[PDB]
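> this one is an experimental structure. Sequence first:
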Protein chains: 2
Amino acid sequence: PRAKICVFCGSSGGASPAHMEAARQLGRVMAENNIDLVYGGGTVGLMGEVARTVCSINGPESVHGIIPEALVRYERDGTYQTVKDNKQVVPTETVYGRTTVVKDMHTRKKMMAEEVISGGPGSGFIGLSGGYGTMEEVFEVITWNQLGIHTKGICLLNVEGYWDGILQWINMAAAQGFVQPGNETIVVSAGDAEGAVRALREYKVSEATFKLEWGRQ
Amino acid sequence: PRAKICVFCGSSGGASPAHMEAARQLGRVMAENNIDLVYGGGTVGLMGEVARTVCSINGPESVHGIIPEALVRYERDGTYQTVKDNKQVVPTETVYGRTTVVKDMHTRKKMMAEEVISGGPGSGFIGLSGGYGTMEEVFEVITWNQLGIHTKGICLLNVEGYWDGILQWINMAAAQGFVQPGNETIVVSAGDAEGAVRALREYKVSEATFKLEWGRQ
Ligand SMILES: O=P(O)(O)OC[C@H]1O[C@@H](O)[C@H](O)[C@@H]1O
Ligand SMILES: O=P(O)(O)OC[C@H]1O[C@@H](O)[C@H](O)[C@@H]1O
């Protein structure tokens, strides 16, 4: 079973080019380690960038985008050149990998989650630069890890201190005890693609609990 | 139709007592303005505190907690003294208001959301101090406002700069353009209960879009 990484990132490119560049780099690194890509479909923004790179290196089979019905096209144009049997028009499979269309956002998130959880070793979630959506997804899979629904790691790829505020809040929450001891390590951060992939590889859920309650066992 | 406020906050009390005190104050303020409370049920932490206060001032009818089946008790003890017809044991209704038990977390969030959306004027969501759950909920209803699923405001109640990191990240995201112009005002913040309630009252979704595209219309 190959390793799969779900990369939550923005639908927009971002002001500083370092975000797009980070998308490209993460793409290359994931592609070299034979890591298959799970992302929320589309051809725009950091998502489309990572998809484009990973697919460009390891072919369509290495990328699986999952798009809600509402974001589906019904005409062929530009980056959307591959048609489904139900006449749905979807991102060009040879450039952005395979694309599965689902009815709802809920089943979408659930499906990406599933595809990551069932993935091989080193599987996990990476949070690249994005807005409210990517954040919501990140904290969602965080909550799911917290509920013992999965055992995969979650790593924020910090481009020029973009996630600094969030790490800061995590610190504040662990300090005030709202994030219980042992849960602070659910999320890690990295400054580069290799760091993020390594983070997902070396992650073990029971690590923090081991540290906190082994001298206590 | 009365005004309903959903207050997302931690299941733990927090280190600094200012959090608990803030729960109490928000409770009092909401109760005085005849604002009915929607919260995720339970008797523990800031949630239980706000519930306890609001209910103590305006009776059980003013508080509606919504609890997943998994957090339900089946024996009577302490703060859980009221039994349902299906023998489920639930928070004492006279102290923590009414409690509706639902099967799943999804339908739970959906239901709280529904109860807020259908509420009167001044209805909205308040994010008091909490961990990964409250954050996930906040960014969730943010995403929903962003998707035009509701028109209610979202306000973070900032106790001693607890939400500072998050506001900071929002600033960074709006700066890098990941939070599109006009969406930065989806979430506001306040230093006190009155400020939060006033924020929810005076909120209008179309405010920012009005500002950005009226000289452009
Ligand atoms: O930049 P944001 O809005 O945070 O994320 C954009 C994408 O992130 C996905 O989850 C959404 O369903 C949307 O397609
Ligand atoms: O302190 P956190 O974990 O963020 O929030 C605790 C509560 O927040 C609710 O949404 C949960 O379902 C949980 O009952």
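Received it, and whenever you're ready, just let me know what you need. Residues are numbered from 1 along each chain as shown, chains lettered A, B, ... in the order given. Ligands and ions are numbered 1, 2, ... in the order given.

> in chain A, which spans are strands?
Ranges of strands in chain A, per DSSP state E, are A:3-8, A:35-39, A:63-68, A:82-83, A:89-90, A:98-102, A:124-127, A:153-157, A:187-190.

> go through those strands and name the closest to ligand 2.
Nearest to ligand 2 among the strands of chain A is strand A:187-190 (13.6 Å), distances taken as C-beta to the nearest ligand atom. Quick note: C-beta positions are derived from backbone N, CA and C, even for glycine.

> that closest one packs against which elements?
For strand A:187-190, the packing partners by 3 or more C-beta pairs under 8 Å, 6 or more residues apart in numbering or on different chains; DSSP states H and E come out as strand A:153-157, helix A:193-201.

> thinking again about what came up before, so which of the strands of chain A is the most surrounded?
Comparing the strands of chain A on average neighbours per residue, with mean count of other C-beta atoms under 10 Å in any protein chain shown, the densest one is strand A:124-127 at a mean of 27.

> which bits of chain A sit near ligand 1?
With C-beta under 6 Å from any ligand atom as the criterion, chain A meets ligand 1 at residues A:10-11, A:40, A:130-134, A:137.

> in helices, which of those residues appear?
A:132-134, A:137 (DSSP state H).

> closest to residue A:119 out of those?
residue A:137 (16.7 Å; C-beta to C-beta).

> wait, doesn't that closest one sit right on residue A:110?
No. Using C-beta atoms under 8 Å, residue A:137 is not in contact with residue A:110, being 11.7 Å away.

> these two - which one has more neighbours?
Set side by side, residue A:137 and residue A:110 show more neighbours around residue A:137, with 23 against 15, by other C-beta atoms under 10 Å in any protein chain shown.

> show the contacting residues for that one.
With contact taken as C-beta atoms under 8 Å, 6 or more residues apart in numbering or on different chains, residue A:137 is in contact with A:8, A:109, A:127.

> residue A:39 now?
By C-beta under 8 Å, 6+ apart, the residues touching residue A:39 are A:6-9, A:47, A:50-51, A:63-66, A:112.

> cutoff 10 Å now
The contact partners of residue A:39, taken as C-beta atoms under 10 Å, 6 or more residues apart in numbering or on different chains, are A:5-9, A:46-48, A:50-51, A:54, A:63-67, A:96-97, A:112, A:126, A:128.

> can you narrow these down to the ones near chain B?
Filtering the contacts of residue A:39 for proximity to chain B by C-beta under 10 Å from any C-beta of the partner chain leaves A:9, A:46.

> residue A:163: neighbouring residues, count only.
24.

> skip the chain neighbours and tell me the closest residue to it.
Spatial nearest neighbour of residue A:163, excluding adjacent residues (C-beta to C-beta, 6 or more residues apart in numbering or on different chains): residue A:156 at 4.5 Å.

> and what of residue A:45?
Leaving aside its sequence neighbours, residue A:45 sits nearest to residue A:11 (C-beta to C-beta, 6+ apart; 4.3 Å).
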